[PDB]
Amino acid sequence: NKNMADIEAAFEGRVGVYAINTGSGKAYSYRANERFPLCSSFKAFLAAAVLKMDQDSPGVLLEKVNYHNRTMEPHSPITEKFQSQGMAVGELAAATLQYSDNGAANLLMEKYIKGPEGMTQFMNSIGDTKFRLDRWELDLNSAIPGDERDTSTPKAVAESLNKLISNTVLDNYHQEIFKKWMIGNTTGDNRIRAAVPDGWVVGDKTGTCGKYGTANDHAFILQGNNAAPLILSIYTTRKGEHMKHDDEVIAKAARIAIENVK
């Protein structure tokens, strides 16, 4: 435990890790049941909730969403690009996951998921008793120490991710699309992915609150030959509002987690 304690101390903050090898059951926990801010990491689950709506009602993914006159949230690279002609629901889901698109997240929670409460209800529906989304983008990023709004735990995030890819509420078709989106995420190259051996396929979703040095990443990792996935979930925060987060801390934590469950 010396490695992770030393990393956390030098980070001058809190590091939470949960990892599990879903083939062997070997797990690793470091502050795994403590709460940390979600930041954008909920957007992976939002995309999964949208997939579930489509599984219940085939064709939802292909519905057009029009938002011509909308004031676009900061950091909406995809939804801003396509505002003129709208976007399909599935395109919004891919964009909110793979580019952390804020407009796409709020559009999906305005028109399909029924707000942060609906997002929380989806997570409750898969047995996650820790997840809570309370606010919209970008207010949910305030990351105020001690505030449990818009938080979960590393373990709950890991367990819920595993449920979405192990035949619980998503069928094979919808799991395959979810996995494709995660594998195609564009924002995680310097976090969990930086610790993963060449050839192992990684799907992940990051979060970066921009306050209190708060950042995170969660992922499935496929060692190959259809081995059961490793699940990694890494959350961080710091005491001072203007402290920076540290991608290298998340990558170092990931290396230790992988070593301890592989």
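The numbering used is simple: start at 1 and walk along the sequence shown.
- Comparing 72 to 80 with 86 to 94, the higher mean C-alpha B-factor in the PDB entry belongs to 72 to 80.
- If you average the C-alpha B-factors over 106 to 114 and over 179 to 187, the higher value belongs to 106 to 114.
- Out of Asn172, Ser142, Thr151, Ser160, it is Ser142 whose C-alpha atom has the highest B-factor in the PDB entry.
- Among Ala44, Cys39, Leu222, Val60, the highest C-alpha B-factor recorded in the PDB entry belongs to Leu222.
- For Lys64, the recorded CA B-factor ranks within the middle third of the chain. Only modelled residues enter the ranking.
- In the deposited entry, the Cα temperature factor of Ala215 places it in the middle third of its chain's modelled residues.
- Annotation for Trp200: C-alpha temperature factor in the highest third relative to the rest of the modelled chain, per the entry.
- In the deposited entry, the Cα temperature factor of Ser125 places it in the highest third of its chain's modelled residues.
- In the deposited entry, the Cα temperature factor of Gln55 sits in the middle third of values across the chain's modelled residues.
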